[PDB]
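Structure first, then comments.
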Amino acid sequence: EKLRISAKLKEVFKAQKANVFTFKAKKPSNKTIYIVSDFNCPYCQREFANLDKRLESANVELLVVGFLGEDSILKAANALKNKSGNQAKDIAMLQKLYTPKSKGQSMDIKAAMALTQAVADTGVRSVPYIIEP
């Protein structure tokens, strides 16, 4: 949304890379779209349904946060716990959580809360928040 916020947010992506999903583009490059996302937000769900198109010209770094309450933070904890680093396996796993009818499973939420709050600390207030190169 705003350059000063995105500048702060870019530093969180770097500092939090262990918790970031990195999707290599179909065409290798150094452009990188940074996406901050909530699994229960309809617009993030649409954005994720366009990941194939995003990855036609850029690398995508996906940072999931619980902005929409309890289920959202559970889904964020699920995703963070289940991140394999394998692109196809993680995309399939994310596809199941970006469904409106799916629910988050009970899990410790500490890492998801910290990641969420670290994104909130940059001034991000809405999702999807998107930085393009």
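Each residue takes its place number in the sequence, starting with 1. Heavy-atom basis, side chains included; hydrogens, waters and symmetry copies ignored.
Sparse packing is recorded around CD of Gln105, with 12 or fewer heavy atoms of other residues, nucleotides or ligands lying under 6.0 Å away. Shown here is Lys2, whose NZ atom has no more than 12 heavy atoms of other residues, nucleotides or ligands within 6.0 Å. Annotation: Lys83, atom NZ; neighbour count of heavy atoms from other residues, nucleotides and ligands within 6.0 Å is above 12.
Atom OG1 in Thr22 sits 4.5 Å away from atom CD in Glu61 (nearest 0.5 Å). The distance from the CG atom of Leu55 to the CZ atom of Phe23 is 7.5 Å, given to the nearest 0.5 Å. For the atom pair CD1 (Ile73) and CG (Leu115), the distance works out to 8.0 Å, reported to the nearest 0.5 Å. The CZ atom of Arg125 lies 9.0 Å from the CZ atom of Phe67; values are rounded to the nearest 0.5 Å. How far CD1 of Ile91 is from CG of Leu51: 5.0 Å, rounded to the nearest 0.5 Å. Here the CZ-CD1 distance, from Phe48 to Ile35, works out to 10.0 Å after rounding to the nearest 0.5 Å.
The residue from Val65, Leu9, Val119 that alone fulfils the side chain to side chain contact (heavy atoms under 4.5 Å, CB included) condition with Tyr129 is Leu9.
In terms of heavy atoms, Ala79 sits closest to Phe21 at O-CZ, 3.6 Å. Taking both residues in full, the closest heavy atoms of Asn59 and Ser29 are given as ND2-O, 3.1 Å, listed atom of the first, atom of the second, then distance. The shortest heavy-atom contact between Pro100 and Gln45 is CG-OE1, 3.5 Å. Of all the heavy atoms in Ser72 and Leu68, the pair that sits closest is OG-CB, 3.3 Å.
By the rule that hydrophobic residues join a cluster once side-chain heavy atoms approach within less than 4.5 Å of another member, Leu97 and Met113 end up as members of separate clusters. Under the 4.5 Å side-chain heavy-atom criterion for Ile, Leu, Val, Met, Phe, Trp and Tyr, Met107 and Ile109 are members of distinct hydrophobic clusters.
Salt-bridge check for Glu132 with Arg54: passed, with a basic side-chain N closer than 4.0 Å to an acidic carboxylate O.
The backbone N or O of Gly104 sits nowhere less than 3.5 Å from a side-chain atom of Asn78 that would complete a donor-acceptor pair. With hydrogens and angles ignored, the 3.5 Å screen pairs no side-chain donor or acceptor of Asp38 with any backbone N or O of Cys44. With hydrogens and angles disregarded, no donor-acceptor distance shorter than 3.5 Å links the side chain of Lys8 to the backbone of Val124. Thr122 places no side-chain N or O within donor-acceptor distance of the main-chain N or O of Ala118, the cut-off being under 3.5 Å.
Between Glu56 and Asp52 the shortest side-chain heavy-atom distance does not fall below 4.5 Å.
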- Message: For a side-chain contact (heavy atoms from CB on, under 4.5 Å) check, start with the C-alpha distance between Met93 and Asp90, then their side-chain angles and the critical distance, and finish with the verdict.
- Response: CA-CA 5 Å; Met93 178 267 301; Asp90 285 357; 4.2 Å; yes
- Between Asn19 and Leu63, is a side-chain contact (heavy atoms from CB on, under 4.5 Å) present by the stated rule, with each step listed? CA-CA 7 Å; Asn19 285 317; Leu63 208 165; over 6 Å; no
- Message: side-chain contact (heavy atoms from CB on, under 4.5 Å), that's the test. Do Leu94 and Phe39 meet it? Break it down for me.
- Response: CA-CA 8 Å; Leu94 297 169; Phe39 283 107; 3.5 Å; yes
- Query: Passes side-chain hydrogen bond (donor to acceptor under 3.5 Å, both in side chains), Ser102 versus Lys75? Steps please.
  - Reply: CA-CA 9 Å; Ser102 78; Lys75 284 181 173 196; 2.9 Å; yes
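A perpendicular orientation is assigned to the rings of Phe13 and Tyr34, their planes being inclined by more than 60° (bins at 30° and 60°).
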